[PDB]
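To keep things clear, I will list the structure first and then write my remarks on it.
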Amino acid sequence: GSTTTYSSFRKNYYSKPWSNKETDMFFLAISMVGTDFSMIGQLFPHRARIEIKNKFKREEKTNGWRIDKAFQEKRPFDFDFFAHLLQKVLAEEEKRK
Amino acid sequence: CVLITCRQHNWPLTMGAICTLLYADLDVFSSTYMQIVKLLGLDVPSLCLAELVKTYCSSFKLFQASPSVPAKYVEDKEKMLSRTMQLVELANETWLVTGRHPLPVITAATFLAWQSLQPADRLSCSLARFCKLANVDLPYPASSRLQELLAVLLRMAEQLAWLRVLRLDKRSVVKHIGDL
Amino acid sequence: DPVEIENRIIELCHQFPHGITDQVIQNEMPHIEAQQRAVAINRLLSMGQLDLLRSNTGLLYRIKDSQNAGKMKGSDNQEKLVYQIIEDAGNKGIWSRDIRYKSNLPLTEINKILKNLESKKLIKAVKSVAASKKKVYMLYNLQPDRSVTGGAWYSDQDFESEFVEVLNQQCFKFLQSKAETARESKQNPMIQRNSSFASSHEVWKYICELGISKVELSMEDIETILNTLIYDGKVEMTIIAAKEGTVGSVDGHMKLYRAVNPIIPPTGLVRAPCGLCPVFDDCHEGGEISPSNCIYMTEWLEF
DNA sequence: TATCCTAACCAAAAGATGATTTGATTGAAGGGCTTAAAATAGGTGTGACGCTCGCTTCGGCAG
DNA sequence: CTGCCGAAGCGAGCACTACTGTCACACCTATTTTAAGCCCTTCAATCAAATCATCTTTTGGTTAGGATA
Ligand code: SF4
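Protein chains in written order, with our numbering: chain H, 7 to 103; chain G, 3 to 182; chain Y, -6 to 296.
Here's what the structure looks like:
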């Protein structure tokens, strides 16, 4: 309780960084699912739709070529296999580390 | 409306000091504030730099002895406010004021002025260590302003040979601002 | 030990649907004194384990439902207490404003209480005659009172004026029709004393046979509709034995109606414009409103 | 001798000099959002309205 | 057995609460580009205090450098 109180822009709160393997899953999802950010938010329960849109906005700055290359390398779609691939690869990443 | 009223009387008042009582938030109240002003198109001054410092500097507890501040921390207010003027005038002409939150400038200047008045006594202190004595919560940009201003003052320091000879740096430059 | 007393009371109440006297507690175990069991009962009433049934064989006690005792624990002590106020009100109910005003319980908790009691199918909110949109809270299983339902005439917080007015005009239509047809017999006034009158059951059967209103026309309702005509100066009343009609709407008796002629023609006074004049007090020969100036009279010259 | 003063200097107190380990501060990023513009779109919920002449009350005997 | 008129008592004008429902539209979804500023972790990059290893001066004290008593 004091009149010195600071006010500044807190809307940039600390969000969880993105993993390289998580990025690899993101690309195989563009290969596998498409650009339906709501659907991708469902395949990644740890990421919400706005996180997917921000991820796309960051990727498009340099990696448009990889976006297209993944999008043309199409794969049949299965949510269940997708979830298993995620947690297995994450567990493998932790075990390697 | 109360805010613009005070601005008409060039009466110093800051943004959060109002929002303190109103359950508001920066974006909510700032966006709305713009809305009425553009709606009414009334002429209103800006916050003039020197006005806010008088009330801000006077709020510190450095002017009397207390169990939290023995005398070595105590200081004369007139000297401090003068020194802060002689620093803030540099800040504006060196482009540092424009386009930034104004208050961090004041905090940085006051911290260093207070140190430089008794550097042998006060070089050992820090941002938060200083502020919590005055029960002041500090800007995080104040670190940015501090690094900026030390960078400036060393560049002044080299201009004088009888300052150049001492090979001044971050640690030592503080105790010569009275000279500069 | 009250701990023994409470458990015994609930168990005995489980096996006795008629209720248990306080003596039953001691009959099952003799060491229970009257004072301590009365003390236990006086707070079991405020805990929902017990409801008191006054009777000649001493006061009797009974339990209602598992959730009845459940919604007395902690802050829920106010819930079934509000239900106690409502079940005292029975089919009449109590407004939101009144429950706050009467019990002084916090309205914020009364909201939760209302929603939970409605969910449990215990109380329901109904709009009332007395204050229109002021909803009474009243027992879910019971039909609400006339002060809440307002009969067939009360509809959507308004009053079907056309419905009652058409009833009035049609019932006198038949009353005067029956009176004139009876007098057309023109044999003997002594038999006209009976023939001219109409039975309330008879006219109710006729008017419900017409079926003007899709809403039901009740016996006492039609009788009260007829009761407006006498005070309209239109009909007469006569009471006979109960054997008339299917109802016999009076204890050992039954009452009839008959259209009535007006005793005198319109008077001369009502033909005078001054009689109808509203500024009568202010009209003076000296006043600015005068018979030498009055417009009502000048205009009354023409037609 | 029986022992201390004190060169040389061992043995340790104690004094103290330096490189390193351990403990702490911090750059810059992650990434995140704001002023301002363009527009169509829909919902559903919020919240305007100090006496003292006059006057009062009920018993006690006449008639 | 009604009732007129007595004695005890009080008084005032002068004192240079609300709905409540409709309604209309604020509010939101939902994207693009600017610019600098502001923003929290978070480790990487960097810096600072205390400690361990060891040398050196003095207190103890001897050998041997030295001495009175
Ligand atoms: S205004 Fe004419 S009608 Fe009315 S009271 Fe006077 S005279 Fe009679």
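Every residue, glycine too, gets a C-beta built ideally from N, C-alpha and C.
- Selection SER13/H, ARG53/H, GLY40/H evaluated against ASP84/H yields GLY40/H as nearest (Cα-Cα).
- Within the segment 136 to 177 of chain Y, the complete alpha helix (DSSP H) segments of 4 residues or longer fall at 139 to 142, 154 to 176, listed in chain order.
- For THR7/G, no pairing in a beta bridge is given by DSSP.
- Sequence-ordered contacts of the segment 19 to 44 of chain H with chain G are nonexistent [C-beta pairs closer than 9 Å].
- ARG1/Y counts as buried, since no fewer than 16 other beta carbons sit within 10 angstroms of its beta carbon.
- For the segment 100 to 117 of chain G, the beta-carbon criterion of a distance under 8 Å to any beta-carbon of chain H is satisfied by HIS103, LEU105.
- Looking at the backbone, the Cα of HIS52/H and that of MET17/G are separated by about 37 Å.
- Using a 10 angstroms sphere on the CB of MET22/Y, the tally of other CB atoms stays under 16, which defines it as exposed.
- Among the residues of the segment 11 to 24 of chain G, those with a Cβ less than 9 Å away from any Cβ of chain H are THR16, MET17, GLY18, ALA19, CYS21, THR22, in the order of the chain.
- In the three-state reduction of the DSSP assignment, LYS105/Y falls in the helix class, which pools H, G and I.
- For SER70/G, the closest Cβ of chain H is not nearer than 8 Å.
- In this structure, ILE218/Y keeps its C-beta atom at 8 Å or more from the C-beta atom of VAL122/Y.
- Comparing alpha-carbon positions, the option among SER170/Y, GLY245/Y, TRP146/Y lying closest to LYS207/Y turns out to be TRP146/Y.
- At least one beta carbon of chain H lies nearer than 8 Å to the beta carbon of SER61/G.
- Looking only at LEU156/G, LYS79/G, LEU24/G, the smallest Cα-Cα distance to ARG169/G is reached by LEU156/G.
- Taking 8 Å as the upper bound for CB-CB distance, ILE(-2)/Y and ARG30/Y are in contact here, some 5 Å apart.
- Here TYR250/Y is buried, its C-beta having at least 16 other C-beta atoms within 10 Å.
- Separation of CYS21/G and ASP27/G (C-alpha to C-alpha, rounded to the nearest whole angstrom) is 7 Å.
- Not a single heavy atom of the ligand SF4 lies less than 7 Å from the C-beta of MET131/Y.
- Ranking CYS270/Y, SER193/Y, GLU229/Y by CA distance to the CA of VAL240/Y puts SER193/Y first.
- Residue contact check for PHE15/H against chain G: a CB pair falls below 8 Å.
- In this structure, the CA atom of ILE282/Y is about 37 Å from the CA atom of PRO255/Y.
- Shown here, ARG55/Y sits in a strand according to DSSP, grouped into three states.
- Within chain H, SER13, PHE15 have C-beta atoms less than 7 Å from the C-beta of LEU28/G, given in sequence order.
- Where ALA111/G is concerned, there is no enclosing beta strand (DSSP E), although the alpha helix (DSSP H) around it starts and stops at 105 to 119.
- Looking at the DSSP output, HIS246/Y shares a beta bridge with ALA234/Y, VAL243/Y.
- A Cβ of chain H is located within less than 8 Å of the beta carbon of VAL138/G.
- In this structure, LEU140/G lies away from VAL71/G, with their beta-carbon atoms at least 8 Å apart.
- Going by DSSP, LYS117/Y is part of the beta strand (DSSP E) stretching over 116 to 120.
- Short note on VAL272/Y: C-beta closer than 7 Å to some heavy atom of the ligand SF4.
- By DSSP's assignment, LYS128/Y forms a beta bridge with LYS120/Y.
- From the beta-carbon of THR9/H, the residues of chain G found nearer than 7 Å are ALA19, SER61.
- Ranked by Cα distance from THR34/G, the first of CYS3/G, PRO69/G, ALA159/G is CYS3/G.
- For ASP81/Y, the uninterrupted alpha helix (DSSP H) segment begins and ends at 72 to 82.
- One alpha carbon belongs to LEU125/G, the other to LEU162/G, and they sit about 23 Å apart.
- Spanning the alpha carbons of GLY7/H and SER89/Y requires a straight line of approximately 41 Å.
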